[PDB]
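Chemist: A single structure is presented below for examination.
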Number of protein chains: 4
Amino acid sequence: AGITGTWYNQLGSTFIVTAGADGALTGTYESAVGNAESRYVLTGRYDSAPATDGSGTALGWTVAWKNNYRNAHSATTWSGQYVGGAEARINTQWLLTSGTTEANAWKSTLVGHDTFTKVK
Amino acid sequence: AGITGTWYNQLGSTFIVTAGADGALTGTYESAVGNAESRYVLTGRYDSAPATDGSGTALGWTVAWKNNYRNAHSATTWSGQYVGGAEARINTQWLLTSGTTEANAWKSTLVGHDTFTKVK
Amino acid sequence: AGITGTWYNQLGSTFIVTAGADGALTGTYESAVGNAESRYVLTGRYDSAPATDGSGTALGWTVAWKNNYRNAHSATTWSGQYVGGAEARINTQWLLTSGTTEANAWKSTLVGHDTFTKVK
Amino acid sequence: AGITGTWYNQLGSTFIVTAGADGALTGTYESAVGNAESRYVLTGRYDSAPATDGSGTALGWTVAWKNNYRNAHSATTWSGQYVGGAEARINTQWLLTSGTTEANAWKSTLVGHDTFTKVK
Ligand SMILES: O=C(O)CCCC[C@@H]1SC[C@@H]2NC(=O)N[C@@H]21
Ligand SMILES: O=C(O)CCCC[C@@H]1SC[C@@H]2NC(=O)N[C@@H]21
Ligand SMILES: O=C(O)CCCC[C@@H]1SC[C@@H]2NC(=O)N[C@@H]21
Ligand SMILES: O=C(O)CCCC[C@@H]1SC[C@@H]2NC(=O)N[C@@H]21
């Protein structure tokens, strides 16, 4: 209900997610940036029984950057929380890992942050 | 074949995963540490068509820290790569996000690293 | 000139810095949040000869959370870049490490992000 | 006494540091890897009054990747803890930020981990 829907980051990337009663996140991620083109499968987990003291709902998901058209040989994971209300928000930090040789493995993992809203 | 199996981190946590032909990771995570007890659902993605130049296979997965017995109101995401061979390895960095109030949201996200092997 | 001055994060924390000709950052950090009170020493480094292609100036600094009044037994490091102009900005990610036992060392390091401006 | 000395990471990089009575870290970093050559200035902070319950000493430092010979237009920060004894150790996580355009700013920050020992 809260987490199910279409979400938009600050850089124009679309996250279309379903929050299953079990705790499953399934969907598609469309990335406006990077070595990516078009639509990618998303899987993840959320807290299906969150705290009743105004705290956010912990969640996370993974996109492997491989569809029928492109393969970036990389995966992003987002770790975050859903903050429900009028101005509904998913505040995340992410890790992007690239497939490297053991000599390049030190420089394999980019870190960042994304804020997602339900407003295009 | 490579990624499918039972994996062990440096702190004694068990990761039992199946790597589906589509790019799906499904399994269970048993955590030896933290505010956790017993067995938790794992979902993730991997690069189902990796590079043929000695590079690792990018992957990622999520555990929401909620089963039938416990709820820690938190989720970990691991971002990493599978390095195949005799001494097969998953080198990861992780983000653990806790469900917080907006006043506590600065301190919501722990970062770390795990190395997983197929040797108990 | 650019980096020298008083800076304000999104959570109301004051960063007063001098950018030395050698590449030295020296100053004080006043933290509006956490287990902190009042004014703490800052040391860091910046790129004293940045690129002339509209790119930001790489920098970083450390605060150990210990003055004459408090000791939180912790240190934050910020890694970022100075973006000069009319709306001058320091975009950072940070690591906060706490002094722990080896059993608690997995949960020692919080990660986040701060944006600093010259507007109070 | 504990933190003052020559330190070696897992990838063969030398950290030569002095731990001042005030809490100041000063030194040189010699990087065995990356777009770097030779010797770079290090500044940082440590907890000069740590806890007497077997807990590590929180510290941090910054290297801007610029000397008289090279400029990588980047800075690394390490956040960590000193674990004293027979097998003395500095366990860190790091952020490497590169000077980028605002279009490339999402991919500006690499994350990793280093363990330093006093054994070459
Ligand atoms: O460049 C790549 O290796 C593949 C595309 C990565 C897209 C990045 S992942 C973090 C951030 N979130 C997005 O909306 N896309 C970028
Ligand atoms: O303490 C909690 O909030 C829930 C348990 C967290 C387990 C952590 S997640 C990162 C690391 N990997 C493990 O094997 N377990 C710990
Ligand atoms: O709570 C502590 O352990 C000490 C105070 C930490 C202050 C944090 S560090 C990251 C963020 N930046 C700030 O302005 N202060 C908080
Ligand atoms: O490649 C660059 O941009 C400059 C050199 C970076 C060296 C990296 S920083 C993290 C790690 N620690 C080291 O010993 N060196 C590498």
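Here, each number is a calculation from the coordinates, and none is a lab measurement. Cβ: placed from backbone, ideal geometry, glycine included. Neighbour counts: every protein chain shown.
Chemist: Suppose a student asked you for the relative contact order of chain B, using Cα pairs under 8 Å spaced at least 6 residues apart; what percent would you report?
Modeler: So the answer I get is 20 percent.
Chemist: Right, something else. Which pairs break 22 Å Cα to Cα here: B:107/C:107; B:107/C:66; A:66/D:107; A:107/D:107; C:107/D:66; B:66/C:107? Before the final figure, lay out each step's value.
Modeler: On the way: B:107/C:107 12 Å; B:107/C:66 19 Å; A:66/D:107 19 Å; A:107/D:107 12 Å; C:107/D:66 33 Å; B:66/C:107 19 Å.
Over 22 Å Cα-Cα: C:107/D:66.
Chemist: If you count, for every residue in B:105-118, the Cβ atoms of partner chains within 10 Å of its Cβ, what is the mean?
Modeler: Details: counts 7, 11, 6, 11, 12, 8, 18, 8, 7, 1, 0, 0, 0, 0.
The mean count of partner-chain Cβ atoms within 10 Å per residue comes to 6.
Chemist: What is the mean number of Cβ atoms from other protein chains located within 10 Å of the Cβ atom of each residue in peptide D:30-43, rounded to a whole number?
Modeler: Going residue by residue through D:30-43 and averaging, the value is 2.
Chemist: Between residue A:52 and residue D:67, what's the calculated FRET efficiency when r is the beta-carbon distance and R0 is 56 Å? Round to 0.05. Display every interim value, and only then the final one.
Modeler: Working: r = 56 Å, r/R0 = 1.00.
That gives a FRET efficiency of 0.50.
Chemist: Give me the inter-chain shielding for D:14-21: mean count of other chain Cβ atoms within 10 Å, whole number please.
Modeler: 0
Chemist: Let me ask something else about it. With +1 on the Cβ of every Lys and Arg and -1 on the Cβ of every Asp and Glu, and nothing else charged, how large is the dipole of the protein assembly as shown about its Cα centre, in debye rounded to the nearest 20?
Modeler: The dipole of the protein assembly as shown has a size of about 0 debye.
Chemist: How big is the Kirkwood radius of the protein assembly as shown, worked out from every pair of different alpha carbons and given in Å to one decimal?
Modeler: 22.8 Å
Chemist: Give me, ordered by chain and number, the residues 5 or more places off residue B:113 or on other chains with an amide H under 5 Å from its own placed amide H.
Modeler: B:94
Chemist: Counting only Cα, what are the radius of gyration and maximum Cα-Cα distance Dmax of segment A:29-76, in Å?
Modeler: For segment A:29-76, the Cα-based Rg and Dmax read 14.7, 45 Å.
Chemist: Hey, another quick one. Distances in nm, one decimal, shortest first, from residue A:54 to the same residue in every other copy, taking the label point 7 angstrom along Cα→Cβ.
Modeler: Those label-point separations list as 4.0, 4.2, 5.7 nm.
Chemist: Follow-up. Checking the a/c ratio against 1.5 first, then a/b against b/c, what shape does the Cα gyration tensor give for segment C:42-101?
Modeler: Since a/c reaches 1.5 and a/b is larger than b/c, the shape of segment C:42-101 is classed as prolate.
Chemist: Something else about it: Just the Kirkwood number for chain D, please: inverse of mean 1/r across all distinct Cα pairs, in Å, one decimal. Write down the numbers at each step before the final one.
Modeler: On the way: mean 1/r = 0.0664 Å⁻¹.
This gives a value of 15.1 Å.
Chemist: May I pose another question? What are the residues whose amide H is under 5 Å from the amide H of residue D:100, where those residues sit 5 or more places off or on another chain and H is modelled from the backbone?
Modeler: Residues meeting the amide H criterion: C:56.
Chemist: Now a separate question. Which whole-Hz couplings ³J(HN,Hα) result when phi for each residue of segment A:86-99 is put into the Karplus expression 6.51 cos²θ - 1.76 cosθ + 1.60, θ = phi - 60°, listed in order with x for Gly and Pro?
Modeler: 5, 9, 5, 9, 10, 9, 10, 10, 10, 10, 10, 9, 9, x
Chemist: Hey, for residue D:37 with labels 7 Å out along Cα-Cβ, what do the inter-copy distances come to in nm, ordered shortest first?
Modeler: Those label-point separations list as 3.8, 5.2, 6.1 nm.
Chemist: Rank D:112, D:28, D:94 by how far each Cα sits towards the positive end of the charge dipole of chain D (+1 on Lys, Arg Cβ; -1 on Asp, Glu Cβ) and give me just the farthest.
Modeler: Checked the options; the winner is D:28.
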